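Presented as structure tokens, the chain that follows is alone, the form deposited in one PDB entry.
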């Protein structure tokens, strides 16, 4: 019902925003026939009615912090159309604006991402790929999780049970959220940098986690370490994360120590 079936005519690709294994994501423009408007969109052209039932689930996602699937073009390839996020991804945003981001901005992004995920959990959906590269910036104070439904490997964002047993729950998403928060607090550092992906399980089983980012007080880093608990049920719930980070965002200077914030 809310899945607009497009014809090649109403949309045209411009630049390539990203690519690899699943297909290419392009910057584009959507000028539907019946209308007289040009809407900037992002087009994920996948490789060759197989995944059309997943697209109807993606089209039904109705939350301000989750990207909704606008339309689809079913030809020899599947082409997925969505609103273009003009500021790009949050990972590139925190790297580019590294020296101008205050504690209120980071804590609010934490609330927004937790909210979008808690919406997916309420809808009985699992993301399977939450990362700062997959959080997009609509405006600097409005972020949305993208790539929902593309999952049907990002080892350094995977929970232990996902690497070992291929288990994907809402609790494995919480682990990936903990890593996404680490990416925001370190201004886009790569998790377990240098460290090969084949030994991440060894490191996790050993007891090793991502280090405390300098700007985090103990209170913020404790939320992150709870997301990375071996026991999935001991991790915080997405609705507790909204509560923890919303309270922190009320007095942001107590929880994050930013040079050039107060």
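Residue numbers count along the first chain shown, from 1. Definition used throughout: the rigid core is the maximal C-alpha set that superposes within 1.5 Å between two forms. Residues that one form lacks are left out of the comparison.
Another form, the form deposited in another entry, is not on view; read the next lines as being about it.
Superposing the two forms on their core leaves just one of 35, 233, 62, 205 with a Cα displacement of at least 2 Å between this form and the one not shown, namely 35.
Superposed on the core, the two forms differ at residue 19: its CA moves 2 Å or more between this form and the one not shown. In the other entry, the Cα positions of residue 202 and residue 21 lie at least 3 Å nearer to each other than in the form displayed. Relative to the displayed conformation, the Cα-Cα distance from residue 35 to residue 56 grows by 3 Å or more in the other entry. Once the rigid core is aligned, the segments that move between this form and the one not shown, defined as three or more consecutive common residues whose C-alpha shifts all reach 2 Å, run 8-10, 19-23, 34-39.
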